[PDB]
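In the form deposited in one PDB entry, a lone chain appears below as structure tokens.
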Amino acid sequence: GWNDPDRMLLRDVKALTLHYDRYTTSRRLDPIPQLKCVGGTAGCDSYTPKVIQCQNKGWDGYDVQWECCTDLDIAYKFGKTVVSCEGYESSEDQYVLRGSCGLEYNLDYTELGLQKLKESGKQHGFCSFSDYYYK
């Protein structure tokens, strides 16, 4: 229904700001951290971001295509990343619950980082094109 509280069309979400110490909203599932390191060849004990911004590159009429950019040591990159929001009524819903979106990322060594296995102190801007998980 068009007055259903906290109901938003996923394809029209333009951007996200995700915090490591905040939880997602959830009605059907279970709140999770908005921003979570879930693995990687460098592990989640290396530097981890506290906030990540993601843009929906298809917000102006197309399917969702999340791009999440940050600055990391040149030793590191994001591996696979996954954005996921809670479908309002089900995982098949094109409407999602406001506040329910979150990012999971893996923190890998780059091919240069694998040579050294520690931080260089030099940084690079890096963008991940996330896969989307329907839930």
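Note that the rigid core is defined as the largest set of C-alphas that superpose within 1.5 Å between two forms. The first residue of the sequence shown is number 1, and the count goes up from there. Shifts are known only where both forms have a C-alpha.
Only in words, not in the display: the form deposited in another entry, which the text now covers.
**Student:** Quick check on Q55: with the core superposed, does its CA move 2 angstroms or more between this form and the one not shown?
**Tutor:** Result for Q55: no, shift under 2 Å.
**Student:** Does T110 move its CA by 2 angstroms or more between this form and the one not shown when the core is aligned?
**Tutor:** Superposed on the core, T110 moves its C-alpha 2 Å or more between this form and the one not shown.
**Student:** After core superposition, I'd like to know whether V82 moves between this form and the one not shown (criterion: C-alpha shift of 2 angstroms or more).
**Tutor:** Shift of 2 Å or more: no.
**Student:** Which consecutive stretches of at least 3 residues differ between this form and the one not shown by 2 Å or more at every CA, rigid core held fixed, listed in sequence order?
**Tutor:** The runs that move are 73-75, 110-135.
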